[PDB]
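*Asks:* Let me give you the complex in parts, starting here:
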Amino acid sequence: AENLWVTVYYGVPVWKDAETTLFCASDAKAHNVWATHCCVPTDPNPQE
Amino acid sequence: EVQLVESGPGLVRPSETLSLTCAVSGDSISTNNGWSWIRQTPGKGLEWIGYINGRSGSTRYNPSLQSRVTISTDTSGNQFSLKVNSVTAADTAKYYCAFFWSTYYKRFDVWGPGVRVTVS
Amino acid sequence: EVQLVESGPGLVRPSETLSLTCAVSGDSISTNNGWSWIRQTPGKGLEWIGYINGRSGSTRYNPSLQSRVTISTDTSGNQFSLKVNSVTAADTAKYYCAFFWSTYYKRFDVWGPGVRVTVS
């Protein structure tokens, strides 16, 4: 007898386990193979 | 739990204004919406007068009373009041202070004992 | 093709109610919208009373008649009717049963002969 109506929300903080591909990033500062395949810099102050 | 306490003259002469004050206890008027006045008119039943948003000062009134009714809030006293411009015998009624909560998630009323006012 | 047939008292005394029933042939009331009543008032011309959706029971009425008019449907009899609360001589008119189809694709009327009703 609640008489409620299924509302819809978008932007809901729900997550599930998943497998995807991660990308590498570096400190910029670093002929080293990992200095070339890890070009994108990370943020100097990661948003934890 | 909010409690509503009311006082004011139980007698107004015709052509004089009417004034009732509702004290609010247990919460802050300035934080909630839905503070309102309703009256019970003999021979007619319950009628809405209007309500005020304590967070803004905006009000809404029953069209039949828009020419005479003022609702306002005392944010220091944590009390609100109803003022009616000159009244007649037709305005004799039991007047009530009430708080109406109506949102997507909850519905409830707080409704005080009221003040009986005779115009004569 | 829908046909509309009407009957009811051609005489109502002042302060008595008025009641007219329209029979529907050729289609189902319960499937279509737009079943309606219109009257032709001498000295004034045609006036809308209101209409009913046979699929829901929802109705709409001319504001001047909202305090007195009821429209409802008999889904067994496949007939619908107009009831008016107490009437006066001012309500003498030719009353008609009509069906109005108005959509994005088609427009048409079915309009029956009506019933002449005198109030006196």
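*Replies:* That came through, no problem. Numbering: from 1, shown residues only, chains lettered A, B, ... in the order given.

*Asks:* Quick test: name the residue nearest the centre of the chain.
*Replies:* I went with chain A, as the question did not name one. Closest residue to the average C-alpha location of chain A: residue A:22 at 8.8 Å, with Cα atoms, centre = their mean.

*Asks:* Oops, wrong one, chain B.
*Replies:* Note: chain B centre (Cα atoms, centre = their mean) maps to residue B:37, 2.6 Å.

*Asks:* which ones are touching that one?
*Replies:* B:20, B:48-51, B:71, B:82, B:95-98 (Cβ atoms under 8 Å, 6 or more residues apart in numbering or on different chains). From N, CA and C alone the C-beta is placed, and that goes for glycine too.

*Asks:* I'd like these as TSV, with neighbour count and distance to residue C:10 appended.
*Replies:* Shown next, in TSV, are the contacts of residue B:37 (neighbours: other Cβ atoms under 10 Å in any protein chain shown; distance: Cβ to Cβ, whole Å):
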residue	neighbour count	distance to residue C:10
B:20	22	56
B:48	15	44
B:49	20	48
B:50	18	49
B:51	21	51
B:71	20	54
B:82	25	54
B:95	23	52
B:96	22	52
B:97	27	56
B:98	18	52
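
*Asks:* closest to residue A:43 among those residues?
*Replies:* For the contacts of residue B:37, the residue nearest residue A:43 by Cβ to Cβ is residue B:51; the value is 49.8 Å.

*Asks:* And the closest residue to that closest one other than its chain neighbours, how far from residue B:103?
*Replies:* In space, and not counting its chain neighbours, residue B:51 is closest to residue B:36: 3.6 Å by Cβ to Cβ, 6 or more residues apart in numbering or on different chains. The gap separating residue B:36 from residue B:103 is 16 Å, by Cβ to Cβ, to the nearest Å.

*Asks:* Which one's more surrounded, those two?
*Replies:* The neighbour count for residue B:36 versus residue B:103, taken as other Cβ atoms under 10 Å in any protein chain shown, is higher for residue B:36 (23 against 9).

*Asks:* Would you mind confirming that the more buried one is in contact with residue B:50?
*Replies:* Yes - between residue B:36 and residue B:50 a contact is recorded at 6.6 Å, counting by Cβ atoms under 8 Å.

*Asks:* wait, is residue B:108 part of a helix?
*Replies:* No - assigned with DSSP: H, G, I helix; E, B strand; the rest coil, residue B:108 falls outside any helix and is strand.

*Asks:* which residues touch it?
*Replies:* Residue B:108 makes contact with residue B:101 under the criterion Cβ under 8 Å, 6+ apart.

*Asks:* just residue A:29 next, same as before
*Replies:* Per Cβ under 8 Å, 6+ apart, neighbours of residue A:29: none.

*Asks:* what helix or strand does it sit in?
*Replies:* Using DSSP states H and E, residue A:29 sits in no helix or strand.

*Asks:* now the sequence for chain D, which goes on the structure above:
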Amino acid sequence: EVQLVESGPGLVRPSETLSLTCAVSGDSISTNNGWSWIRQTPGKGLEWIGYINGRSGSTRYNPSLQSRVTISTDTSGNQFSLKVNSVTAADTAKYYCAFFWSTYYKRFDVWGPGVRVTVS
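*Replies:* Let me add chain D to what's already shown:
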């Protein structure tokens, strides 16, 4: 800069119609919106009558005057006029021709001297 010039009878008898014409100089009526009539009623103050869009002929009127007032435009003469159906002594007022510009970017008025009209 637009100038507004008005003329018409300063005296109308009760039950006769009222007619005032406003000439427009400095711009084209047919290009702008906001051409309007306002009157100053003794004992009441300023009241809106209505306005016309010179680009379409569409008009809007104050509900209290919808049964009597007509506003229209002469696109040859570059003048517009106010006509009121039969008037009474209650319609004595100073009548004015005005142009109101109100958009997202600009706000301004052009307001002429008006015509004094007595009904008696």
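
*Asks:* Go back to the contacts of residue B:37, now with chain D?
*Replies:* B:20, B:48-51, B:71, B:82, B:95-98.

*Asks:* now residue 39, what's its secondary structure?
*Replies:* Picked chain A for this. For residue A:39, the assignment made with three-state DSSP gives coil.

*Asks:* that's the other chain; I wanted chain B
*Replies:* Residue B:39 is classified as strand under three-state DSSP.

*Asks:* Over to residue B:64?
*Replies:* Once three-state DSSP is applied, residue B:64 turns out helix.

*Asks:* How many residues are close by it?
*Replies:* So residue B:64, with other Cβ under 10 Å, has 11 neighbours.

*Asks:* can you tell me how far it sits from residue B:120?
*Replies:* Taking Cβ to Cβ, one finds residue B:64 at 21 Å from residue B:120.

*Asks:* Need phi/psi at the residue lying farthest from the centre of chain B.
*Replies:* No residue in chain B sits farther from the centre than residue B:105, which is 25.0 Å out by Cα atoms, centre = their mean. Backbone geometry at residue B:105, expressed as degrees, to the nearest 10, gives phi -110, psi -30.

*Asks:* Pull the contacting residues for it.
*Replies:* So residue B:105 contacts nothing (Cβ under 8 Å, 6+ apart).

*Asks:* What backbone torsions are found at residue B:3?
*Replies:* phi -120, psi 140.

*Asks:* Report whether the expected contact of it with residue B:112 is present.
*Replies:* Yes - using Cβ under 8 Å, residue B:3 is in contact with residue B:112, at 7.4 Å.

*Asks:* okay, these two: which has more neighbours?
*Replies:* residue B:112 (17 against 12).

*Asks:* Quick check: the gap between residue B:75 and residue B:5.
*Replies:* 17 Å.

*Asks:* If you could redo that for residue B:59, that was the one I meant.
*Replies:* Plainly put, residue B:59 is 21 Å away from residue B:5 if you go by Cβ to Cβ.

*Asks:* Between these two, tell me which one has more neighbours.
*Replies:* Using other Cβ under 10 Å, the more surrounded residue of residue B:59 and residue B:5 is residue B:59, with 16 against 13.

*Asks:* can you pull the contacts of residue 32?
*Replies:* By default, I'm working from chain A. Residue A:32 makes no contacts at all, as judged by Cβ under 8 Å, 6+ apart.

*Asks:* if you could check chain B rather than the one you did, that'd help
*Replies:* For residue B:32, the contact set (Cβ under 8 Å, 6+ apart) comprises B:54-55, B:99, B:101.

*Asks:* Using JSON lines, please lay out the residues you listed together with neighbour count and distance to residue B:12.
*Replies:* Shown next, in JSON lines, are those (neighbours: other Cβ under 10 Å; distance: Cβ to Cβ, whole Å):
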{"residue": "B:54", "neighbour count": "21", "distance to residue B:12": "26"}
{"residue": "B:55", "neighbour count": "13", "distance to residue B:12": "31"}
{"residue": "B:99", "neighbour count": "24", "distance to residue B:12": "25"}
{"residue": "B:101", "neighbour count": "14", "distance to residue B:12": "31"}
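
*Asks:* okay, chain E goes in next:
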Amino acid sequence: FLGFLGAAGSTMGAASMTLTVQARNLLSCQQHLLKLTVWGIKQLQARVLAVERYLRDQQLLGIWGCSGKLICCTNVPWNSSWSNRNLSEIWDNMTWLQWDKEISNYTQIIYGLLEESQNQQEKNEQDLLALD
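*Replies:* Next up, chain E placed on what we already have:
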């Protein structure tokens, strides 16, 4: 990125206030990628997928009649069999992760009903005497 998941432990009601925080974070070299054309593909596949997922959710909000909204009402009644709880048990003292686990099996039933409701609403808009 100031709360990408800050509301995760909040109640369902409280968490309704961060919907723009999660939505704005869901659609966030030089020569290496072309010299070694394995990585150009690995990177493009990740980018294309993020776009496709975004668009599928937007299409559903469109179909259900909720386009452009973060909070949207519908006309589908809630079935008590989907969760036999009252509002004071759902919006308070419960998180969105818990609710999702509770509803999961009924997700497709609900979505199908939302689509049917919008189609019925459109049918009623092509009949000028509708809802009277």
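
*Asks:* Re-run the earlier check on the contacts of residue B:37 with chain E in the model.
*Replies:* Going by Cβ under 8 Å, 6+ apart, residue B:37 touches B:20, B:48-51, B:71, B:82, B:95-98.

*Asks:* and residue 43, helix, strand or coil?
*Replies:* Going with chain A. Going by three-state DSSP: residue A:43 is coil.

*Asks:* Correction: the question concerned chain E.
*Replies:* Here residue E:43 is recorded as helix under three-state DSSP.

*Asks:* can you check residue E:17 too?
*Replies:* Assignment for residue E:17 (three-state DSSP): helix.

*Asks:* Quick check: residues of chain B near chain E?
*Replies:* B:105-106 (Cβ under 8 Å from any Cβ of the partner chain).

*Asks:* For the closest residue to residue A:28 other than its chain neighbours, name its beta-bridge partners.
*Replies:* Distances taken as Cβ to Cβ, 6+ apart put residue A:41 closest to residue A:28, at 4.2 Å, once the chain neighbours are dropped. Beta bridges link residue A:41 to residue A:26 when assigned by DSSP bridges.

*Asks:* Am I right that residue B:82 is in a strand?
*Replies:* Yes - counting by three-state DSSP, residue B:82 is found in a strand.

*Asks:* Report the beta-bridge partners for it.
*Replies:* Beta-bridge partners of residue B:82, as defined by DSSP bridges: residue B:20, residue B:71.

*Asks:* got the contact list for residue B:71?
*Replies:* B:37, B:49-52, B:59, B:61, B:80-83.

*Asks:* rewinding a little: I figured the residue nearest to residue A:28 was touching residue A:27, is that so?
*Replies:* Yes - with contacts defined as Cβ under 8 Å, residue A:41 counts as touching residue A:27 at a distance of 6.8 Å.

*Asks:* who has more neighbours, the two?
*Replies:* Ranked by neighbour count (other Cβ under 10 Å), residue A:41 and residue A:27 place residue A:41 first, with 13 against 10.

*Asks:* For the more buried one, give me its contacts.
*Replies:* Residue A:41 makes contact with A:25-28, according to Cβ under 8 Å, 6+ apart.

*Asks:* mind listing the helices for chain E?
*Replies:* E:19-23, E:32-35, E:39-64, E:87-90, E:96-103, E:107-123 (DSSP state H).

*Asks:* Chain E contacts on chain A?
*Replies:* A:2-15, A:20-21, A:23, A:36-37, A:39-40, A:47.

*Asks:* List buried residues within those residues.
*Replies:* Among the residues of chain A next to chain E, those scoring as buried are A:6, A:8-14, A:39 (criterion: 16 or more other Cβ atoms under 10 Å in any protein chain shown).

*Asks:* what would those residues look like in JSON lines with secondary structure?
*Replies:* JSON lines is the format used below for those (three-state DSSP):
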{"residue": "A:6", "secondary structure": "coil"}
{"residue": "A:8", "secondary structure": "strand"}
{"residue": "A:9", "secondary structure": "strand"}
{"residue": "A:10", "secondary structure": "coil"}
{"residue": "A:11", "secondary structure": "coil"}
{"residue": "A:12", "secondary structure": "coil"}
{"residue": "A:13", "secondary structure": "coil"}
{"residue": "A:14", "secondary structure": "coil"}
{"residue": "A:39", "secondary structure": "coil"}
